[PDB]
$ cat upload-v9.pdb   # PDB, C-alpha atoms (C1' of nucleotides)
MODEL        1
ATOM      1  CA  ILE A 486     -50.731   3.897-189.076
ATOM      2  CA  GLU A 487     -53.508   6.388-189.667
ATOM      3  CA  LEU A 488     -52.123   9.518-191.239
ATOM      4  CA  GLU A 489     -53.392  12.861-190.251
ATOM      5  CA  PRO A 490     -54.204  14.432-193.628
ATOM      6  CA  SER A 491     -53.447  17.868-192.228
ATOM      7  CA  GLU A 492     -49.818  16.944-191.533
ATOM      8  CA  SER A 493     -47.174  16.055-194.108
ATOM      9  CA  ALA A 494     -46.372  12.349-194.293
ATOM     10  CA  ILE A 495     -42.732  13.061-195.088
ATOM     11  CA  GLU A 496     -41.423  14.279-191.765
ATOM     12  CA  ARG A 497     -43.052  11.321-190.032
ATOM     13  CA  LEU A 498     -41.569   8.812-192.438
ATOM     14  CA  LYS A 499     -38.049  10.163-192.892
ATOM     15  CA  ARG A 500     -36.085   7.295-191.369
ATOM     16  CA  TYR A 501     -38.238   4.457-192.745
ATOM     17  CA  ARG A 502     -36.939   2.147-195.440
ATOM     18  CA  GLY A 503     -39.225   0.333-197.854
ATOM     19  CA  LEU A 504     -38.660  -3.288-198.807
ATOM     20  CA  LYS A 505     -39.904  -5.908-201.229
ATOM     21  CA  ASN A 506     -39.755  -8.521-198.512
ATOM     22  CA  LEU A 507     -38.160  -8.502-195.070
ATOM     23  CA  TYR A 508     -36.975 -12.054-195.462
ATOM     24  CA  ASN A 509     -35.209 -11.602-198.758
ATOM     25  CA  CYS A 510     -33.415  -8.281-198.434
ATOM     26  CA  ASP A 511     -30.178  -7.580-196.621
ATOM     27  CA  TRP A 512     -29.278  -4.859-194.179
ATOM     28  CA  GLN A 513     -25.757  -4.033-193.195
ATOM     29  CA  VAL A 514     -26.112  -4.786-189.473
ATOM     30  CA  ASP A 515     -26.102  -1.305-187.843
ATOM     31  CA  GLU A 516     -26.265   2.183-189.286
ATOM     32  CA  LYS A 517     -25.468   5.808-188.502
ATOM     33  CA  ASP A 518     -28.450   5.458-186.320
ATOM     34  CA  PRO A 519     -28.479   7.959-183.794
ATOM     35  CA  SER A 520     -31.386   6.469-181.894
ATOM     36  CA  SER A 521     -29.236   3.419-181.052
ATOM     37  CA  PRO A 522     -27.600   3.240-177.649
ATOM     38  CA  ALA A 523     -24.100   4.689-178.069
ATOM     39  CA  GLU A 524     -22.864   1.703-176.039
ATOM     40  CA  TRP A 525     -23.524  -0.448-179.091
ATOM     41  CA  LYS A 526     -19.791  -0.791-179.621
ATOM     42  CA  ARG A 527     -19.551  -1.390-175.850
ATOM     43  CA  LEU A 528     -21.080  -4.814-176.313
ATOM     44  CA  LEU A 529     -19.507  -8.201-176.460
ATOM     45  CA  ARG A 530     -19.876  -9.651-179.945
ATOM     46  CA  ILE A 531     -20.411 -13.410-180.026
ATOM     47  CA  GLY A 532     -19.656 -15.956-182.744
ATOM     48  CA  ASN A 533     -21.371 -19.299-182.436
ATOM     49  CA  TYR A 534     -23.019 -19.239-179.031
ATOM     50  CA  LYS A 535     -22.783 -23.017-178.846
ATOM     51  CA  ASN A 536     -19.044 -22.669-179.565
ATOM     52  CA  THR A 537     -18.898 -20.077-176.854
ATOM     53  CA  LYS A 538     -20.577 -21.744-173.942
ATOM     54  CA  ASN A 539     -19.194 -25.251-174.305
ATOM     55  CA  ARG A 540     -15.742 -23.677-174.374
ATOM     56  CA  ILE A 541     -16.476 -21.660-171.278
ATOM     57  CA  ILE A 542     -17.897 -24.616-169.390
ATOM     58  CA  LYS A 543     -14.826 -26.498-170.634
ATOM     59  CA  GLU A 544     -12.592 -23.885-169.017
ATOM     60  CA  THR A 545     -14.773 -24.020-165.921
ATOM     61  CA  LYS A 546     -14.104 -27.746-165.547
TER      62      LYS A 546
ATOM     63  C1'   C B   1     -10.313 -20.240-199.363
ATOM     64  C1'   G B   2     -10.688 -21.078-193.713
ATOM     65  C1'   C B   3     -12.855 -21.838-189.112
ATOM     66  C1'   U B   4     -17.178 -24.924-186.175
ATOM     67  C1'   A B   5     -20.188 -29.737-184.702
ATOM     68  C1'   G B   6     -20.303 -34.815-186.356
ATOM     69  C1'   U B   7     -17.551 -40.617-187.131
ATOM     70  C1'   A B   8     -14.372 -45.107-187.964
ATOM     71  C1'   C B   9      -8.415 -47.044-187.856
ATOM     72  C1'   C B  10      -3.657 -46.803-185.738
ATOM     73  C1'   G B  11      -0.493 -45.325-182.097
ATOM     74  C1'   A B  12       2.306 -43.848-177.074
ATOM     75  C1'   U B  13       1.005 -43.480-172.051
ATOM     76  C1'   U B  14       5.064 -48.918-170.576
ATOM     77  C1'   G B  15      -0.453 -47.235-169.626
ATOM     78  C1'   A B  16      -4.601 -49.854-166.468
ATOM     79  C1'   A B  17      -8.051 -53.065-165.903
ATOM     80  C1'   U B  18     -11.006 -57.258-167.372
ATOM     81  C1'   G B  19     -11.125 -62.180-169.127
ATOM     82  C1'   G B  20      -9.303 -66.769-172.720
ATOM     83  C1'   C B  21      -5.272 -69.937-174.089
ATOM     84  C1'   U B  22      -0.380 -71.090-172.728
ATOM     85  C1'   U B  23       5.259 -71.516-170.506
ATOM     86  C1'   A B  24       7.699 -72.268-165.763
ATOM     87  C1'   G B  25       7.470 -72.265-160.627
ATOM     88  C1'   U B  26       4.944 -71.763-156.143
ATOM     89  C1'   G B  27       0.616 -73.357-153.777
ATOM     90  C1'   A B  28      -3.536 -72.285-148.907
ATOM     91  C1'   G B  29      -6.954 -75.567-147.076
ATOM     92  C1'   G B  30      -9.501 -79.674-145.315
ATOM     93  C1'   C B  31      -9.260 -85.068-145.966
ATOM     94  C1'   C B  32      -6.397 -89.892-145.972
ATOM     95  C1'   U B  33      -1.885 -91.186-144.030
ATOM     96  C1'   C B  34       3.650 -91.713-141.273
ATOM     97  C1'   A B  35       4.846 -89.820-136.584
ATOM     98  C1'   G B  36       3.795 -86.922-132.189
ATOM     99  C1'   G B  37       2.409 -86.687-127.076
ATOM    100  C1'   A B  38       0.863 -81.073-123.801
ATOM    101  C1'   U B  39      -2.469 -83.706-120.913
ATOM    102  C1'   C B  40      -6.320 -87.127-118.671
ATOM    103  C1'   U B  41      -7.150 -91.920-116.670
ATOM    104  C1'   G B  42      -7.285 -97.720-115.281
ATOM    105  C1'   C B  43      -4.696-102.302-112.844
ATOM    106  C1'   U B  44      -0.198-104.273-110.297
ATOM    107  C1'   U B  45       4.626-105.561-107.598
ATOM    108  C1'   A B  46       4.974-100.982-104.136
ATOM    109  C1'   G B  47       5.072 -96.218-100.563
ATOM    110  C1'   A B  48       2.839 -94.477 -94.763
ATOM    111  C1'   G B  49       0.934 -95.326 -89.705
ATOM    112  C1'   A B  50      -3.983-102.116 -90.055
ATOM    113  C1'   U B  51     -12.563 -98.811-100.450
ATOM    114  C1'   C B  52      -5.183 -94.270 -96.489
ATOM    115  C1'   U B  53      -2.193 -90.268-100.300
ATOM    116  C1'   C B  54       2.757 -90.273 -98.215
ATOM    117  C1'   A B  55       8.356 -92.218-103.791
ATOM    118  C1'   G B  56       8.148 -94.106-107.947
ATOM    119  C1'   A B  57       8.229 -98.693-111.769
ATOM    120  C1'   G B  58       5.655-101.474-115.192
ATOM    121  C1'   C B  59       1.214-103.124-117.890
ATOM    122  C1'   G B  60      -2.303-100.175-120.543
ATOM    123  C1'   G B  61      -6.502 -97.016-122.645
ATOM    124  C1'   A B  62      -8.476 -91.860-124.276
TER     125        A B  62
ENDMDL
END
$ encode --input "upload-v9.pdb" --output "structure tokens"
Amino acid sequence: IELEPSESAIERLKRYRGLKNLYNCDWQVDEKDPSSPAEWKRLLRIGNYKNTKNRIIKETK
RNA sequence: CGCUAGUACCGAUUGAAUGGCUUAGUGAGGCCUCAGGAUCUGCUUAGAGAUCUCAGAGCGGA
């Protein structure tokens, strides 16, 4: 990103979070986001997807 | 700590199927035999009027 020096780089970068390394750190999964879809809780959560679909095909048989 | 994939022994389905051995009994089928005789057919006394059936009865053979 190429900052405009005229404008304050604080308001642009309010929501950003700095990290040592993406791979190493840990986020708690969501946040008080409010640019998420509010239907985030209106989503089916899945465990092991393998242990979902073989079960469902098993019930389909 | 617990839940999820993975691999071998029992064990029930009286399961339910494949073969091996084995008990006892049955055993088709040809073939060889003991009979059989549907039937078919020779010859002869012989039936009827001059290689003619008009009844049969023997002697046979397939």
$ resolve_selection --input "upload-v9.pdb" --expression "the PyMOL selection byres ((chain A) within 10 of (chain B))" --output "JSON, numbers by chain"
{"A": [532, 533, 535, 536]}
$ write_last_selection --input "upload-v9.pdb" --atoms "C-alpha atoms" --output "PDB file, in the frame of the given file"
ATOM      1  CA  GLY A 532     -19.656 -15.956-182.744  1.00  0.00           C
ATOM      2  CA  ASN A 533     -21.371 -19.299-182.436  1.00  0.00           C
ATOM      3  CA  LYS A 535     -22.783 -23.017-178.846  1.00  0.00           C
ATOM      4  CA  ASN A 536     -19.044 -22.669-179.565  1.00  0.00           C
TER       5      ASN A 536
END
$ atom_distance --input "upload-v9.pdb" --atom1 "atom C1' of residue B:58" --atom2 "atom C1' of residue B:36"
22.5 Å
$ atom_distance --input "upload-v9.pdb" --atom1 "atom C1' of residue B:61" --atom2 "atom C1' of residue B:37"
14.3 Å
$ resolve_selection --input "upload-v9.pdb" --expression "the PyMOL selection byres ((chain B and resi 45) around 10)" --output "list in words"
residues 44, 46, 57 and 58 of chain B
$ write_last_selection --input "upload-v9.pdb" --atoms "C-alpha atoms (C1' of nucleotides)" --output "PDB file, in the frame of the given file"
ATOM      1  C1'   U B  44      -0.198-104.273-110.297  1.00  0.00           C
ATOM      2  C1'   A B  46       4.974-100.982-104.136  1.00  0.00           C
ATOM      3  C1'   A B  57       8.229 -98.693-111.769  1.00  0.00           C
ATOM      4  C1'   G B  58       5.655-101.474-115.192  1.00  0.00           C
TER       5        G B  58
END
$ residues_around --input "upload-v9.pdb" --residues "stretch 514-530 of chain A" --least-positions-apart "4" --cutoff "12 Å" --atoms "only C-alpha atoms (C1' of nucleotides)" --output "VMD selection string"
chain A and resid 500 to 501 534 537
$ atom_distance --input "upload-v9.pdb" --atom1 "atom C1' of residue B:8" --atom2 "atom CA of residue A:541"
28.9 Å
